[PDB]
Amino acid sequence: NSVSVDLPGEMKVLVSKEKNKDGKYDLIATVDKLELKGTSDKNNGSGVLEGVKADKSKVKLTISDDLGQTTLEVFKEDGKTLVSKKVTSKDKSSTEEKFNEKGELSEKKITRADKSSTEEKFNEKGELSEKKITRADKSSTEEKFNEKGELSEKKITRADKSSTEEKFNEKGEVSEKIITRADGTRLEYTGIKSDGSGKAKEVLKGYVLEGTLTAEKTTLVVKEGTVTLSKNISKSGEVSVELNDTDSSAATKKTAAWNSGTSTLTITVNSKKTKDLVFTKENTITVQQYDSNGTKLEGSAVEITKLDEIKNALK
């Protein structure tokens, strides 16, 4: 009864082998649950097919004579006001537009043959509101602009799912910055001022570390009584941990060494190594105890899950 035909948009059309009552060829295709229907004086599968959704919008598919392009148009109930238009080519590239009630372009999206894309939204003056470019890999950069045409936010997401996200003030300087790492943990900088100064906050699994950004670097502090543990992030991004005890007694005072090659803070009490604090590549902290002498580590490292557990390690 029919013959099936492959079309640009991962879609297919069926075409009758016989002519109908009116000398024409029947055409049928389903497109998102909607069955579109039409007829053509041709039988290669080209032509227009139309439908109506349940909410009364009209759908029209036009398939070019050579079958190398398709246009899908959604209209409102009047059949005249365009809502969306998607044009697709057999190389898989594409164009989508969406329109508002007035019929201005509100959204536009170009898709390349390599699935990379550029998306743009326009405000009600028809000016650029937001733009996103997504790269062949999975990388993506993404901008927002205010009602004065100025950048207000920018976000550089990467292949590994890492991202930097900036917000901008009136001078067009960075007043907030959020840094996410592949592992989902964050670095959050707020209230950034022209000198450098701002709040800092590292968000980890189960707890947050707080501190300050200066133009020198980032310092996150944990305090327990006389002890202060400081986690420094330098302008290169390298981590350094530091311990200060405002204690003066010997039998009790804590003291620590940082080994940058291992990313491990070892704490000594009374000339004997007591435990190791490891700060991992998965940006977790772990603790492990030494033996009597302080020569070797024993048991198994234990992941810190709450802040109150870092404090108890510093007692």
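Method information in the entry identifies X-ray crystallography as the source of the structure, with 2.40 Å recorded as the resolution.

K.L.:
Could you give me a rundown of unusual backbone geometry, with the residues and numbers involved?
P.N.:
A positive phi angle is found at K115, which is not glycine, with a value near 65°. Note that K115 resides in the loop between β10 (105–111) and β11 (117–122). The phi angle at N270 is positive, at roughly 50°, despite the residue not being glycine. When you line up the elements, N270 lands in the loop between β24 (264–269) and β25 (272–279). For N270, a relative accessible area of 48% puts it in the partly exposed group.

K.L.:
Could you give me a rundown of the side chain of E166, with the residues and numbers involved?
P.N.:
For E166, the location among the structural elements is in strand β15 (residues 163–168). Here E166 sits buried without a salt bridge, and the closest side chain of opposite charge, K177, lies 4.3 Å off (N-O distance). Once residues lying within four places of it in the same chain are set aside, the contact partners of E166 are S152, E153, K154, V174, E176 and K177.

K.L.:
Which residues make up the nonpolar core, and what values go with them?
P.N.:
Within the largest apolar cluster, 23 residues are counted, with the highest numbers of intra-cluster contacts made by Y207, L209, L229, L243, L265, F279 and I310. The element contributing the most residues to this core is strand β19 (residues 207–213), with 3 residues. If sequence neighbours within four positions are ignored, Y207 has contacts with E202, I285, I304, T305, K306, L307 and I310.

K.L.:
Describe the sheet that holds strand β26 (residues 285–289), and please don't skip the residues or the numbers.
P.N.:
One open sheet holds the 5 strands; their spatial order is β23-β24-β25-β26-β27, and the pairing between them is antiparallel. Here the strands that pair on one side only, and so sit at the sheet edges, are β23 (254–259) and β27 (302–303). Two strands pair when backbone bridges link them, and β24 and β25 are joined in this way by 6 bridges, in the antiparallel orientation. Bridge pairing in β25 links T264 to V278.

K.L.:
Describe the domain arrangement of the chain, naming the residues involved and giving the relevant values.
P.N.:
Assigned domains of the chain: these are domain 1 (1–77), domain 2 (78–215) and domain 3 (216–315). The interface of domain 1 with domain 2 comprises 13 residues on the first partner and 14 residues on the second. Note on domain 1 versus domain 2: buried area summed over both sides is about 1,300 Å², and carbon and sulfur give 55% of it. Per-residue buried area on domain 1 facing domain 2 is highest for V74, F75 and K76; these three make up 39% of the total on that side. Between domain 1 and domain 2 we count 1 salt bridge in total. Taken together, domain 1 and domain 2 are joined by 10 residue pairs in polar contact.

K.L.:
So, the side chain of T284: which residues are in play, and what are the values?
P.N.:
Mapped onto the secondary structure, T284 falls in the loop between β25 and β26. Judged by relative accessible area, which is 19%, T284 ranks as buried. Looking at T284, its side chain comes within polar contact range of the side chain of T280, at 2.5 Å. Apart from residues lying up to four places away in sequence, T284 is in contact with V278, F279 and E303.

K.L.:
Describe in detail the packing of aromatic side chains, supporting the description with residues and values.
P.N.:
Given two aromatic rings, their pairing is described by the distance between the two centres and the angle made by the two planes. Going through the model one piece at a time under the given rule, you end up with 1 aromatic pair. Residues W258 and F279 carry aromatic rings whose centres are separated by 5.9 Å and whose planes lie at 75° to one another, so their mutual orientation is edge-to-face. You can see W258 sitting in strand β23 and its partner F279 sitting in strand β25, a full 21 residues away along the chain. Assessed through its relative accessible area of 7%, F279 is described here as buried.

K.L.:
Describe the pairing of strand β2 (residues 12–19), with residues and values.
P.N.:
A regular strand places its side chains so that they alternate between the two faces of the sheet. Two elements, strand β1 (residues 2–6) and β2, share 5 bridges in a ladder whose sense is antiparallel. In the sheet register, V3 faces β2, and the bridge partner there is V15. From the end of β1 to the start of β2, which pair antiparallel, there are 5 residues, and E10 there has a positive phi angle of about 45°. Judged from the 3 bridges that link them, β2 and strand β3 (residues 25–31) form a sheet pairing that is antiparallel. The partner of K19 across the bridge, within β3, is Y25. Where β2 folds back onto β3 in an antiparallel hairpin, the turn is made up of 5 residues, including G23, whose phi is positive at roughly 80°.

K.L.:
So what's going on with the pairing of strand β21 (residues 227–233)? Which residues, and what values?
P.N.:
A large share of β21 lies buried, amounting to 6 of its 7 residues. With 7 bridges connecting them, strand β20 (residues 218–224) and β21 associate as antiparallel partners. Its bridge partner being in β21, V222 is matched across the sheet by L229. Linking β20 back to β21 in an antiparallel pair, the connection comprises 2 residues, with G225 at a positive phi of about 60°. Two elements, β21 and strand β22 (residues 239–245), share 7 bridges in a ladder whose sense is antiparallel. Bridged to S230 within β22 is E242. The turn joining β21 and β22, which pair antiparallel and follow one another in sequence, is formed by 5 residues; a positive phi near 100° is taken by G237.

Calculation notes
- Entry numbering is not used for residues: they are numbered from 1 along each chain in the order the sequence is written, which may differ from it, and residues without coordinates are omitted.
- To get the side-chain values, take all heavy atoms of the structure and skip hydrogens and water.
- Helix numbering and strand numbering both begin at the N terminus, where a helix is a DSSP run of H or I of at least 4 residues and a strand a DSSP run of E of at least 2.
- The rule is simple: take the accessible area with a 1.4 Å probe, protein chains only, and divide by the maximum for that residue type; under 20% is buried, over 50% is exposed, in between is partly exposed.
- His is not counted here, nor are the chain ends, while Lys and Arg score as positive and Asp and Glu score as negative.
- What counts as a salt bridge is simple: a side-chain nitrogen of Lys or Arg found within 4 Å of a carboxyl oxygen of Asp or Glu.
- Between two residues, a contact is recorded if the distance between any of their heavy atoms is within 4.5 Å.
- Here, nonpolar core refers to any group of buried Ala, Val, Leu, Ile, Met, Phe, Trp, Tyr and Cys residues whose side-chain atoms link them within 4.5 Å.
- Pairing between strands is defined by DSSP: at least two bridges between them are needed.
- The split into domains, and so the bounds of each, comes from an automatic or database assignment of domains.
- Note: buried area is the sum, over both parts, of the accessible area (probe 1.4 Å) each one loses when the two are combined.
- Pairing of N or O atoms within 3.5 Å defines a polar contact, subject to two protein rules: one partner must be a possible hydrogen donor and the other a possible acceptor, and residues neighboring in sequence count only if both atoms are side-chain atoms.
- The pairing test for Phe, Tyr and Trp rings, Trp by its six-membered ring, is centres within 6.5 Å, and the orientation test on the planes gives stacked under 30 degrees, edge-to-face over 60, and tilted for anything in between.

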